[PDB]
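Undergrad: The structure under discussion is supplied below as structure tokens; questions concerning it will follow.
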Amino acid sequence: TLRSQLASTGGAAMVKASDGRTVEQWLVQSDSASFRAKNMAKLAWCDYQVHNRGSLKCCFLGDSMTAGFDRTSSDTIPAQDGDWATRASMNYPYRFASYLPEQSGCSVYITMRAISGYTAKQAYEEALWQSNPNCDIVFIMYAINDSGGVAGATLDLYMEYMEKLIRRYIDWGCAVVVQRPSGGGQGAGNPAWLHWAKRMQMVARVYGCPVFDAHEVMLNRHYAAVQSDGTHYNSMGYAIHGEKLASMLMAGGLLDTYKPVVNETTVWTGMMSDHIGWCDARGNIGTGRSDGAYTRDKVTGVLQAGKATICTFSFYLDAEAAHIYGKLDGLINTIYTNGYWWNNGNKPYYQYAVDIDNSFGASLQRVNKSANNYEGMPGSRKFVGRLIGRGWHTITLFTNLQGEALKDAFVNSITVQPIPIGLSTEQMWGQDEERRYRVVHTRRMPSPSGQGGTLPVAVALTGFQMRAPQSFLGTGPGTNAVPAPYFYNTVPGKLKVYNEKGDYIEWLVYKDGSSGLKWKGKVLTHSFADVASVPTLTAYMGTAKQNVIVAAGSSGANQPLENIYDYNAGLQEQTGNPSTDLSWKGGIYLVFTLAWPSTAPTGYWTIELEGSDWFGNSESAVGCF
Amino acid sequence: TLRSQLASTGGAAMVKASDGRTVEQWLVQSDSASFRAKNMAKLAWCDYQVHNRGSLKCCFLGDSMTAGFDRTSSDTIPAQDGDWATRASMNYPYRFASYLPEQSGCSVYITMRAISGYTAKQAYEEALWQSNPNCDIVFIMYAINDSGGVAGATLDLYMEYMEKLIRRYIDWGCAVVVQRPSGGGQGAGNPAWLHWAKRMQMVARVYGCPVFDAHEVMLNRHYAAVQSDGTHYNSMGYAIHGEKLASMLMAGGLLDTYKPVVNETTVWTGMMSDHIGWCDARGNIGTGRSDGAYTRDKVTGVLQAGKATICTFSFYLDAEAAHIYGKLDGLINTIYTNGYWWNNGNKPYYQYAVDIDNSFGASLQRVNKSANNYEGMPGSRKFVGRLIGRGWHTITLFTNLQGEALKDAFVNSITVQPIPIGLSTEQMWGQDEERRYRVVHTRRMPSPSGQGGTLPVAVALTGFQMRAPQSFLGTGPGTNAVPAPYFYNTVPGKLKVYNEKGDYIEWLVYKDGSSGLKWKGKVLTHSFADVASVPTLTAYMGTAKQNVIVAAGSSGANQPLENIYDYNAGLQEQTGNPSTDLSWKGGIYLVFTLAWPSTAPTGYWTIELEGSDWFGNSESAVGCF
Amino acid sequence: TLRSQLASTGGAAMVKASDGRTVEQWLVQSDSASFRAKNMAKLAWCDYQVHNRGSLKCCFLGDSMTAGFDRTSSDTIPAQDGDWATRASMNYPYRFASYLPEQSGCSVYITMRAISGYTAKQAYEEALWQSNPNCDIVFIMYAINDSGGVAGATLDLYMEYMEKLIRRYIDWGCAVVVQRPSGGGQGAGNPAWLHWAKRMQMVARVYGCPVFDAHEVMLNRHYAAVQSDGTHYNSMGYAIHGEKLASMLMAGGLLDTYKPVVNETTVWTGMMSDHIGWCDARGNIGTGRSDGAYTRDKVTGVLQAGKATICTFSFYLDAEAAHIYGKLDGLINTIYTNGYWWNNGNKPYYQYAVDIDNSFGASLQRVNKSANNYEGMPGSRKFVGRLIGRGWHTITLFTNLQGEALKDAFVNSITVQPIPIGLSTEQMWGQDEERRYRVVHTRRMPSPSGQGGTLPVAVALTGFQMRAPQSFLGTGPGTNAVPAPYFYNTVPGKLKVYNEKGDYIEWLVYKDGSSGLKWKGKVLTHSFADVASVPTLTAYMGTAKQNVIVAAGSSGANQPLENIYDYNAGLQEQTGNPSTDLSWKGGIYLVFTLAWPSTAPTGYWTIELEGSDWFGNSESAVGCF
């Protein structure tokens, strides 16, 4: 019966379309849409599981580099998981499965489909892997052995069989993630497998497979620190690669809508950003609205006391370096550099596998310095640290993992500012030298803006407030960041006063002793005939008081729903004591007082408070290391 | 007959493919390609209509937040459009339909498919919405009620039915735009609907649906200013969300090729950029080539006199803030901050719904200041303003909407420079304090560049021109920006002169009185034994004269087709009077004259004209507020 | 027989699906997946061929602008390649086919499918183009004649037939690349074809076609320099467009995973980046790991002596300008600006077709200056040049093309830093004026970082090293960049010394004569009562010595696999002679010595070495022009 024939396997081949081709050929050529749709559906599901403390069953492919090949170092463990070669003490799938749940709360289950020396053709034809593993996401890395001619693999065969593997795992219900092959000389020798896998990356993008640039992971690392032989990593290299893959997942890198961090990006807890993926690893971050938050979003990132809380911010850094700024408060253990989440210590050179500037002349060896106490100058913007290297970065903000935190830690905002790598510092004065920029905090009294057609009356410059430049802020854990007991913690600045008459005064604004936040100005350069005509400059470090712009209950009850606050109610001097000072959320101001000897001259004053700040720093950050 | 059976509904199920599955199952799994292709075809059509003064029929989905739910504030209007709950006086679909035609000229027709408390399953099964509305684009927002368990909605049911809605509206010929759900505490409480709709965003990207991050819209706003209750917006919040959606459309955000503004992006009228989408709302922008344009592209953005002209620049800002620089001239009414296109004034706290820095200590309450008169220092780069917050931004450059503009306004270029939020200012001296950077305008006479092997002869430093740093430029509407009548409008700078002999002179370059653009230098620090040996420093603010690089008609007639101009013909002093001065298109130069007392010493001079400029400012911008 | 009928052309139409539509209609609507998959598969293949010295058969479409229409200038050649109109002496397909193999080694074969005045409908119905050309990639540009109503072309007909052309060329095995139409007034007149082709771009993105923004190419150029008539280019405009298309290809712009350069991006040879595509044009770049590399990646980009080596870095610049920094060494001929790879010189105004800032007041006419000798201050970061304009940029690092290079040239890293256009310089002091930023190199002895709770002992400030700011570095070819023989090559800086006691000293740090790299400080401003109490400041320019962090062979042999090096072994003075000095890879340090007259006061010293640097410069770059 033709019916049975139509219902048979070859039924689609007996029906031809208007172009002369059979229906079966049309279906076979156009099935990439089904694979693409299934792939991104499963990828969206996997992203949801990553960001919602879910569970991921992960199948890990392909060859020796996925298998954790290590036959050179003494940090090896016997061959497991269907491999034949001695494995490093920690490969990338296992570091991924130990890292992703730790940072995001998403449980990871490993299905190791990795054999050393295997090709894409070998993986597609491997007897043990012919069954559906029923996992959620599959990471595929096959280029190194393919380009070496292993098992007669050619570029066409490699590409065909990697496409076949992608389609097979998509049909198996697995989200296919394609990895640019990792390992070996940071691109030394112009390896063919990079080109092969680039072609395969584009063919994978045909199916909507996200590409994890694993070659990018080791670009800014020390080769000796991450490699066991000329091609394969040691334990630390594999661990860093797995951590970077997990960072890609918690960044939202599985999604097509993901955008890398290219400019200054400020995110907080509970808000969804396509640039920085935030993961609450244990679900105990209190993302409630409180007026006590130091940001206008009022979204307190409460890392509550007594609860082991882990706050994770993952993103792709599209620059050679970035500066992490945060409105943090409390004892927050911060890890953001690879090689400090995991280091077994088996090899002494693992610690030198951190992301470092490749330019020998632009940076010394990177001694990573992270802050754990961000409780000083409470309410102020804190310098969390720096991220070196282009790629996927994770900022781990966690409290005591045993739940022994006595006070609430707050992550009110995390700012990732891509910075040029030579203009970045590990901490404030935490490296040999900081290439800073002379930043001018300028104020005009009276300002010419908005006047128009009319000359404002000249004013006497007797007192003014200026936001303290970054050099004026100290670095230290907790209250040690305040220069109150150690007035050397702040860099003396310059206050340059200009007027329309050509009268110029330059003061050296340095802190006056170790009792309170008081600054005293020394006259450096002035245009006056006598130095006795120069006013005495005294300043104090203070924060702006809180005024209520719109009080809740003004147009109904209910009906500016919340309180719109500003810190423009006046400047109050701070003594550096958090128990008696106001919150520094209103800003760190240097409130200058000019004690003129005679009557205060009236004029159109331009005040420039000079300091050195990091490149592009929006707000002066207090250092906490 | 098997034929009738094949032609029947179940005909595809009776034919099986080579894998054992029926042809019908193959078609059902692989139909995502058709939906994706139709979706982006309609999205491209919708983008064309947005950017070509077209017409869009917009169907608005889904729940209470799309419906404009407001049952708390007194700014409510009775339930319309098939909803049951009291609506805010302006929801986001209606603000979108009032904003998109106003800014782009694209007529918007509303089909309100929004009911308060509705889920994706309820929308797919809603009796009134089972018919094809025959609209062009559909915006879908369903996560809040789904995650609350409304009508038994689960995550799987939610995802299934949102995918069903997307496919249904794609088949109906509607461009499907997916919105990250908006509303409530800026991410407070770690809402489940954010995660659900993130998963749904990825599944929508399966179908090529652009994702409008509506959660991102309220991240940098005051919660009390935009919310009516804990989850739903008031009139201003909905208005800002609709304006942001329209900004996404006029940015080109409907297209996969759209790229966010990540670095300094300069665009003008009539040119197509994948970063900044420009919309001519009324078709009356004269985008002709004239040598009178202040830019080398010669594309004059003539907002012609007597014509109501609206120039719109929309884009996604991938930074926490940006600075708008423009080569504008004339009376251009500028609106670029949300909350100033629309504000009914019913609630006094609506004005505090502007994009503000969440850091209390990095910014006071944002008092938005926009310039309407950019006619001063004509030809110079103008500081248009700042954009705060990551997301979609619109820059509206419109003249008198009644056609009563007497002179032609010119938009020769608009530069959007992503800047760190703390380094941004609303206007020049328009906020409490500007965190500026000390910018050094350095010139070497003779320069060592390009010499090689040979020592150039030492030259006498008697006169030189330097581009005026930003601090040297004033702010004011029209001619009020020129410090000619009010010499306090400019900040005095420093001219530091170095030579190879170790001779150093530091002048205070301040403006000499209120008659003309003349600057006079006061000697601050010098290395000479006697201050009488220091030359007298006099400067004037002037522009470079026009020289013809290649005159049209030189190699044929026809045949450098146009005139290649440069402004390097010499420096001419300007008096600040636009009726007698040259155009400032040649740059704002401080032309210094050194009157040495004895013969002018010869040497290898390094001249550093110090000033304070905004972070990353390419060209010194004149302020116009 | 129904069987024959099913196997007939209309067989699919006789089988209907469950929705009532026939199987044929389902196949016709959902075939976009097959076209998309084939398109990106061929695009990945084409990208592989571009980056692996492959071969591309390129079919060039569409109208007069693809055909190289030029009927106005005297730089025309008779009509070739099936066109009817006089062609410019170099159109964009031929410049592309001469440029892509030159820069990437990928052989290009031209199939000219371009006729002047042709539309998309005309191209689809052209008799000569009905056959499959069996080429690899097709570039399509059809909007100008379509919007003019040529051959009755309407927007719907245009869109339909361009989609038909895209599908036809995808079925023909050709990678379809869609070009935003180029030509005419930089967007003058608000041309309709820009909008039409924007719609067509989105419909092309339906099929995964990469969009080459050719309208973006001429945005920052002089119109007179690139145009022959009001719409069509001259030879130079077409050449620049073809070079930009080739730059798009070597950037990896054919791939969906490509990301533009938005922030500082550092890449080297042999590494794969999704931001900067690196092409080894002749396969002779030695990308081996050597400790002699100036970067921590140790990937030497050896342009070996005696071999014609071409190193190409292509990328999309998502800013108005960028600065090219490189750790280069040797005689590397650098071309990075369009109009300098190709210029036939037939028209004198072709040289003014370079990417220039459109703001007349922010830049003079761009006199491009590129460095060929980067052998000075060996090991230091070099300022390669600047890239102006948003779009696709190529950095060509090639040695003597005849193989007469005597020494090995090294490309250890190329850094592309997007910079604001007004803050960019062509070379160090290579333009009229550099708008620099006052950068403060700050060091604290003792630093307050990491101490906590305890006051460190005060130290005497007798000697310290500081990384030299950019103003301290000279510019010149090879050893001419060293200020050793011509001490005017460096800009004198300021060393500001602060302490906790309010003692401030400001020195003028200028070079002490022309014998060696010795700097001497002149006291400018001090807070001391007597200038005799100020210490004598002497400095030398030196590099840090090499210390071994982890020596290879420490934990096994094999087993920190390589040597982890740092340059923190001490500071050694350099004389500027490359034959006797150390490599400058350890950094360019100004090592200051303070000779106090009495005993050296002890205190908490803040040292600020002030200089002027370019905006966002990570490491001080030596200029090489």
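FYI, nothing fancy with the structure tokens labels: chains A, B, ... in order, residues from 1 per chain, ligands from 1 as they appear.
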Compute the set of chain B residues within 6 Å of chain C, using only C-alpha atoms, and express it as a PyMOL selection string.

TA: chain B and resi 6-9+11-12+31+33-34+37+40-41+44-45+48+255+262-265+270-271+287-289+294-297+299+438-443+448-450+452+498+500+502+525+550+559-563+566-567+585-587+604+606+616+618-619

Undergrad: Name all residues at most 6 Å from residue 545 (chain C) (count only C-alpha atoms; drop same-chain ones fewer than 6 positions away) and give them as a PyMOL selection string.

TA: chain C and resi 567+569-571

Undergrad: Going by DSSP on the backbone, which bits of region 241-322 of chain C are strand (DSSP E)? Write them as a VMD selection string, please.

TA: chain C and resid 265 to 267 276 to 280 285 to 286 302 to 303 310 to 317 321 to 322

Undergrad: Please dump the current selection as a short mmCIF file (atom, residue, chain, number, x, y, z; two decimals), in the first residue's frame; keep C-alpha atoms.

TA:
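Dumped to selection22.cif:
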data_model
loop_
_atom_site.label_atom_id
_atom_site.label_comp_id
_atom_site.auth_asym_id
_atom_site.auth_seq_id
_atom_site.Cartn_x
_atom_site.Cartn_y
_atom_site.Cartn_z
CA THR C 265 41.48 45.83 24.29
CA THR C 266 44.93 44.26 24.38
CA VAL C 267 45.64 41.41 21.96
CA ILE C 276 40.21 42.09 17.46
CA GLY C 277 40.74 39.67 14.59
CA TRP C 278 44.40 38.94 13.98
CA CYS C 279 45.55 37.74 10.56
CA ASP C 280 49.01 36.41 9.72
CA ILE C 285 54.86 35.21 12.32
CA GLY C 286 56.66 33.21 14.97
CA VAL C 302 58.39 37.67 15.95
CA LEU C 303 58.39 39.31 12.53
CA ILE C 310 52.66 41.12 7.66
CA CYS C 311 50.80 41.29 10.97
CA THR C 312 47.19 42.45 10.76
CA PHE C 313 44.83 43.42 13.58
CA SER C 314 41.28 44.15 12.43
CA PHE C 315 38.33 45.12 14.61
CA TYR C 316 35.24 47.27 14.86
CA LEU C 317 35.94 50.47 16.79
CA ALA C 321 38.49 57.45 18.05
CA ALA C 322 41.02 55.06 19.55
#

Undergrad: Residues within 10 Å of region 343-345 of chain A, please, as an MDAnalysis selection string. Count only C-alpha atoms; anything in the same chain fewer than 5 positions from it doesn't count.

TA: chainID A and resid 75 89:90 235:236 239:240 338 350:351

Undergrad: Using CA of residue 88 (chain C) and CA of residue 68 (chain C) as the two end points, give the distance in Å to one decimal.

TA: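 These two atoms are separated by 5.6 Å.
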
Undergrad: Identify all residues of region 5-253 of chain C in alpha helix (DSSP H) (DSSP on the backbone) and supply them as a PDB file with C-alpha atoms, in the first residue's frame.

TA:
ATOM      1  CA  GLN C   5       1.104  12.513  -7.634  1.00  0.00           C
ATOM      2  CA  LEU C   6       2.806  12.570  -4.227  1.00  0.00           C
ATOM      3  CA  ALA C   7       6.197  12.174  -5.914  1.00  0.00           C
ATOM      4  CA  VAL C  23       2.567  20.800   4.019  1.00  0.00           C
ATOM      5  CA  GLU C  24       3.987  22.851   1.142  1.00  0.00           C
ATOM      6  CA  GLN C  25       2.908  26.137   2.747  1.00  0.00           C
ATOM      7  CA  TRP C  26       4.405  25.048   6.081  1.00  0.00           C
ATOM      8  CA  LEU C  27       7.681  24.238   4.325  1.00  0.00           C
ATOM      9  CA  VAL C  28       7.686  27.536   2.418  1.00  0.00           C
ATOM     10  CA  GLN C  29       7.079  29.656   5.517  1.00  0.00           C
ATOM     11  CA  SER C  32      14.217  30.568   6.724  1.00  0.00           C
ATOM     12  CA  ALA C  33      15.936  28.212   9.175  1.00  0.00           C
ATOM     13  CA  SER C  34      17.674  26.337   6.356  1.00  0.00           C
ATOM     14  CA  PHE C  35      18.798  29.595   4.747  1.00  0.00           C
ATOM     15  CA  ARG C  36      20.033  30.928   8.097  1.00  0.00           C
ATOM     16  CA  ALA C  37      21.938  27.732   8.916  1.00  0.00           C
ATOM     17  CA  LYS C  38      23.539  27.540   5.469  1.00  0.00           C
ATOM     18  CA  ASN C  39      24.370  31.243   5.631  1.00  0.00           C
ATOM     19  CA  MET C  40      26.214  31.089   8.938  1.00  0.00           C
ATOM     20  CA  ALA C  41      27.896  27.808   8.024  1.00  0.00           C
ATOM     21  CA  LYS C  42      29.305  29.447   4.901  1.00  0.00           C
ATOM     22  CA  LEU C  43      30.105  32.597   6.894  1.00  0.00           C
ATOM     23  CA  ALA C  44      32.093  30.559   9.413  1.00  0.00           C
ATOM     24  CA  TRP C  45      33.884  28.873   6.519  1.00  0.00           C
ATOM     25  CA  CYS C  46      34.643  32.278   4.971  1.00  0.00           C
ATOM     26  CA  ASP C  47      35.932  33.600   8.302  1.00  0.00           C
ATOM     27  CA  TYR C  48      38.188  30.559   8.637  1.00  0.00           C
ATOM     28  CA  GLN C  49      39.517  31.164   5.126  1.00  0.00           C
ATOM     29  CA  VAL C  50      40.130  34.839   5.926  1.00  0.00           C
ATOM     30  CA  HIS C  51      42.049  34.047   9.111  1.00  0.00           C
ATOM     31  CA  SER C  64      26.401  51.446  -9.547  1.00  0.00           C
ATOM     32  CA  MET C  65      28.099  51.899  -6.183  1.00  0.00           C
ATOM     33  CA  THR C  66      29.256  48.284  -6.200  1.00  0.00           C
ATOM     34  CA  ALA C  67      30.113  48.686  -9.896  1.00  0.00           C
ATOM     35  CA  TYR C  92      35.510  48.711  -3.929  1.00  0.00           C
ATOM     36  CA  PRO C  93      35.417  45.042  -5.068  1.00  0.00           C
ATOM     37  CA  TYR C  94      38.848  45.341  -6.675  1.00  0.00           C
ATOM     38  CA  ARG C  95      40.317  47.243  -3.733  1.00  0.00           C
ATOM     39  CA  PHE C  96      38.842  44.548  -1.499  1.00  0.00           C
ATOM     40  CA  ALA C  97      40.444  41.821  -3.614  1.00  0.00           C
ATOM     41  CA  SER C  98      43.781  43.634  -3.534  1.00  0.00           C
ATOM     42  CA  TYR C  99      43.545  44.429   0.178  1.00  0.00           C
ATOM     43  CA  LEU C 100      42.215  41.269   1.829  1.00  0.00           C
ATOM     44  CA  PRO C 101      44.980  38.980   0.452  1.00  0.00           C
ATOM     45  CA  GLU C 102      47.581  41.660   1.182  1.00  0.00           C
ATOM     46  CA  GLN C 103      46.570  41.990   4.834  1.00  0.00           C
ATOM     47  CA  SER C 104      45.312  38.482   5.658  1.00  0.00           C
ATOM     48  CA  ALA C 120      17.185  44.373  -6.539  1.00  0.00           C
ATOM     49  CA  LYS C 121      14.375  43.280  -8.862  1.00  0.00           C
ATOM     50  CA  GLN C 122      16.649  43.812 -11.865  1.00  0.00           C
ATOM     51  CA  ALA C 123      19.433  41.798 -10.228  1.00  0.00           C
ATOM     52  CA  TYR C 124      17.102  38.919  -9.375  1.00  0.00           C
ATOM     53  CA  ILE C 144      19.947  53.693  -4.010  1.00  0.00           C
ATOM     54  CA  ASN C 145      18.242  52.929  -7.320  1.00  0.00           C
ATOM     55  CA  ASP C 146      15.403  51.096  -5.568  1.00  0.00           C
ATOM     56  CA  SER C 147      14.352  54.216  -3.658  1.00  0.00           C
ATOM     57  CA  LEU C 155       9.673  49.597  -0.982  1.00  0.00           C
ATOM     58  CA  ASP C 156       7.684  46.351  -0.919  1.00  0.00           C
ATOM     59  CA  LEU C 157       9.147  45.179  -4.235  1.00  0.00           C
ATOM     60  CA  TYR C 158      12.627  46.199  -3.095  1.00  0.00           C
ATOM     61  CA  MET C 159      12.324  44.309   0.184  1.00  0.00           C
ATOM     62  CA  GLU C 160      10.806  41.232  -1.465  1.00  0.00           C
ATOM     63  CA  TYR C 161      13.468  41.019  -4.150  1.00  0.00           C
ATOM     64  CA  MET C 162      16.379  41.646  -1.791  1.00  0.00           C
ATOM     65  CA  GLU C 163      15.084  38.831   0.398  1.00  0.00           C
ATOM     66  CA  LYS C 164      14.794  36.728  -2.763  1.00  0.00           C
ATOM     67  CA  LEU C 165      18.390  37.571  -3.697  1.00  0.00           C
ATOM     68  CA  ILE C 166      19.594  36.659  -0.205  1.00  0.00           C
ATOM     69  CA  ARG C 167      17.811  33.300  -0.309  1.00  0.00           C
ATOM     70  CA  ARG C 168      18.981  32.626  -3.872  1.00  0.00           C
ATOM     71  CA  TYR C 169      22.620  33.240  -3.001  1.00  0.00           C
ATOM     72  CA  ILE C 170      22.348  31.218   0.210  1.00  0.00           C
ATOM     73  CA  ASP C 171      20.949  28.290  -1.784  1.00  0.00           C
ATOM     74  CA  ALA C 192      15.211  57.118   1.555  1.00  0.00           C
ATOM     75  CA  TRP C 193      17.583  54.307   0.614  1.00  0.00           C
ATOM     76  CA  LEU C 194      19.123  54.378   4.094  1.00  0.00           C
ATOM     77  CA  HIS C 195      15.707  53.602   5.604  1.00  0.00           C
ATOM     78  CA  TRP C 196      14.864  51.025   2.935  1.00  0.00           C
ATOM     79  CA  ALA C 197      18.140  49.213   3.471  1.00  0.00           C
ATOM     80  CA  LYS C 198      17.725  49.408   7.250  1.00  0.00           C
ATOM     81  CA  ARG C 199      14.468  47.487   6.886  1.00  0.00           C
ATOM     82  CA  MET C 200      16.291  45.143   4.520  1.00  0.00           C
ATOM     83  CA  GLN C 201      19.105  44.786   7.078  1.00  0.00           C
ATOM     84  CA  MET C 202      16.664  43.484   9.650  1.00  0.00           C
ATOM     85  CA  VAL C 203      15.120  41.104   7.117  1.00  0.00           C
ATOM     86  CA  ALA C 204      18.669  39.978   6.290  1.00  0.00           C
ATOM     87  CA  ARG C 205      19.386  39.392   9.981  1.00  0.00           C
ATOM     88  CA  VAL C 206      16.441  37.023   9.721  1.00  0.00           C
ATOM     89  CA  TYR C 223      32.962  64.469   1.192  1.00  0.00           C
ATOM     90  CA  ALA C 224      34.942  66.268  -1.508  1.00  0.00           C
ATOM     91  CA  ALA C 225      37.819  63.816  -1.049  1.00  0.00           C
ATOM     92  CA  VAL C 226      35.733  60.656  -1.493  1.00  0.00           C
ATOM     93  CA  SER C 235      38.586  55.973  -6.744  1.00  0.00           C
ATOM     94  CA  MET C 236      39.582  56.808  -3.167  1.00  0.00           C
ATOM     95  CA  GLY C 237      36.065  56.532  -1.744  1.00  0.00           C
ATOM     96  CA  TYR C 238      35.532  53.129  -3.336  1.00  0.00           C
ATOM     97  CA  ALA C 239      38.995  52.043  -2.200  1.00  0.00           C
ATOM     98  CA  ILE C 240      38.253  53.065   1.386  1.00  0.00           C
ATOM     99  CA  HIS C 241      34.914  51.242   1.269  1.00  0.00           C
ATOM    100  CA  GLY C 242      36.567  48.065  -0.011  1.00  0.00           C
ATOM    101  CA  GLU C 243      39.314  48.326   2.596  1.00  0.00           C
ATOM    102  CA  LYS C 244      36.663  48.721   5.296  1.00  0.00           C
ATOM    103  CA  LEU C 245      34.837  45.632   4.028  1.00  0.00           C
ATOM    104  CA  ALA C 246      38.091  43.666   4.143  1.00  0.00           C
ATOM    105  CA  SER C 247      38.681  45.018   7.654  1.00  0.00           C
ATOM    106  CA  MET C 248      35.229  43.742   8.595  1.00  0.00           C
ATOM    107  CA  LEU C 249      36.223  40.314   7.312  1.00  0.00           C
ATOM    108  CA  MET C 250      39.610  40.148   9.060  1.00  0.00           C
TER     109      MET C 250
END

Undergrad: Grab the CA of residue 557 (chain C) to CA of residue 232 (chain A) distance for me, in Å with one decimal place.

TA: 16.1 Å

Undergrad: Identify, on the basis of only C-alpha atoms, every residue whose closest approach to residue 572 (chain C) does not exceed 10 Å; exclude the query and any residue fewer than 2 positions from it along the same chain; express the result as a list in words.

TA: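 Once the adjacent positions are removed, what remains is residues 540, 541, 542, 543, 544, 545, 569, 570, 574, 575, 581, 582, 589 and 591 of chain C.
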